[PDB]
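Letter by letter, the chains look like this.
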Amino acid sequence: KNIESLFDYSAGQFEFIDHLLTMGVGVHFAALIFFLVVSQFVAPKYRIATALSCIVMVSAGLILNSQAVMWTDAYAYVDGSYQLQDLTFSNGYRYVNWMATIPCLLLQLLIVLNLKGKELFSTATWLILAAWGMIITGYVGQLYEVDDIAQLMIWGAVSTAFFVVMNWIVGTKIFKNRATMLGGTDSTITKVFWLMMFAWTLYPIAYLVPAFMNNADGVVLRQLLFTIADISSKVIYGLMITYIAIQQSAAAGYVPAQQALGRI
Ligand SMILES: *C\C=C(C)/C=C/C=C(C)/C=C/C1=C(C)CCCC1(C)C
Ligand SMILES: CCCCCCCC/C=C\CCCCCCCC(=O)O
Ligand SMILES: CCCCCCCC/C=C\CCCCCCCC(=O)O
Ligand SMILES: [Cl-]
Ligand SMILES: [Cl-]
């Protein structure tokens, strides 16, 4: 149903994509080890954010590793090209973990803005419905990327409506609670908002590729625009989120954060 099914692939295209997804995995999982080790320097009130991206990290990673294995499963070298065999490849599984990856990554931002009690609980709820809202209509959207490009654009459309509002909630929360944040991180927090704007735009480009580049190199650039997107929203976004919690932990009198900071 997907444009990955439509083309035969050069060995350079096939090996590049396999190498892309595998470099992927090395990185969610090596970042897995570092957010484990530093979690001990984070004060009780922030420690679930670090834990949180140890879940974003093992989630993409499994989609990611599952994608590389399905990729090699699906295609074999026949008469000079990689050709589709008995099993299919698709990106529909990256969507269901988008449903997944997101609660956490908005949850982990909210933990560091010092939301608590009823504002945390109600802000998260609206944030997971809205983002899930974006996830499921473009997942619904993407399924017609061969059969109905007009369905692409219109769910594309209905997904973009959600994104913008999601971004409006987050935006509002960040700029409203800037004042509560410690240790200089009120300037830091606004780099995160921007860093997270770039990552999440790469995904509708990444998704308009069947519309504007329905060929095998488009398939490549899709997967490419994914590794950036990914390493930035899960991985790079992640490390950003973890510096803030340690810095705030230190300004709150949490001694291990203070020794950890001073050590470097
Ligand atoms: C895993 C982390 C993140 C931040 C997931 C990001 C996905 C999006 C920002 C998807 C956006 C889409 C829209 C707005 C338009 C085409 C339909 C999509 C769901 C593919
Ligand atoms: C900011 C995170 C960066 C993510 C790293 C992605 C690395 C890809 C780097 C560019 C590779 C240039 C190689 C071009 C591939 C040749 C295309 C082909 O084989 O047909
Ligand atoms: C599967 C082939 C090999 C894949 C593994 C790649 C090797 C490791 C990659 C680099 C790790 C980058 C992640 C950042 C670690 C954060 C800790 C720190 O930066 O101080
Ligand atoms: Cl605490
Ligand atoms: Cl994912």
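Scoring rules and cut-offs
- Residues numbered from 1 in each chain as written, not as in the entry; some residues may be left out.
- Chains lettered and ligands numbered in written order.
- Heavy atoms only, no water.
- UniProt positions renumbered as here; feature names shortened; annotations may be inferred.
- Core = buried A, V, L, I, M, F, W, Y, C linked by side-chain atoms within 4.5 Å.
- Buried < 20%, exposed > 50% of the residue type's maximum accessible area, 1.4 Å probe, protein only.
- Contact = heavy atoms within 4.5 Å.
- Helix = DSSP H or I, 4+ residues; strand = E, 2+ residues; numbered from the N terminus.
- Salt bridge = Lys/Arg side-chain N within 4 Å of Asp/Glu carboxyl O.

The PDB entry annotates the protein as Chloride pumping rhodopsin originating from Nonlabens marinus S1-08. As deposited in the PDB, this entry carries the title "1 ps Structure of Chloride ion pumping rhodopsin (ClR) with NTQ motif". Regarding the protein, the relevant UniProt record gives this comment under Sequence similarities (unreviewed entry): "Belongs to the archaeal/bacterial/fungal opsin family."

## Points about the nonpolar core
Counting residues in each nonpolar core, the largest one holds 63 residues, and the members touching the most others are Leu109, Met166 and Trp200. Leave out the neighbours within four places in its chain, and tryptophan 200 touches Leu106, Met134, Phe163, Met166, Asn167 and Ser233. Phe7, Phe14, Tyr75 and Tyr82 belong to the second largest nonpolar core, which has 16 residues in total.

## Description of the environment of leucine 64
For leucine 64, the location among the structural elements is in helix 2 (residues 47–74). Taking relative accessible area as the criterion, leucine 64 reaches 3% and is therefore assigned buried. With sequence-adjacent residues up to four places away left out, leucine 64 is seen in contact with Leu21, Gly24, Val25, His28, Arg94 and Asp230.

## Brief notes about the pattern of salt bridges
Between side chains of opposite charge, pairing is possible as soon as their charged atoms come close. A complete count under the given rule lists five salt bridges for this structure. Note that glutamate 4 and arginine 222 form a salt bridge whose closest N and O atoms lie 3.5 Å from each other. Remark: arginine 222 occurs in helix 9 (residues 216–251) and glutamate 4 occurs in the segment before helix 1 (11–38); sequence separation between them is 218 residues. Of the two residues, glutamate 4 and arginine 222, both sit in the buried class. Of the charged contacts, one joins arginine 94 and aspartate 230 as a salt bridge, the two residues approaching to 3.1 Å between their closest N and O atoms. Within this pair, whereas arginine 94 is found in helix 3 (residues 92–112), its partner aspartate 230 is found in helix 9, the two being separated by 136 residues in sequence. We classify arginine 94 as buried; its relative accessible area is 4%.

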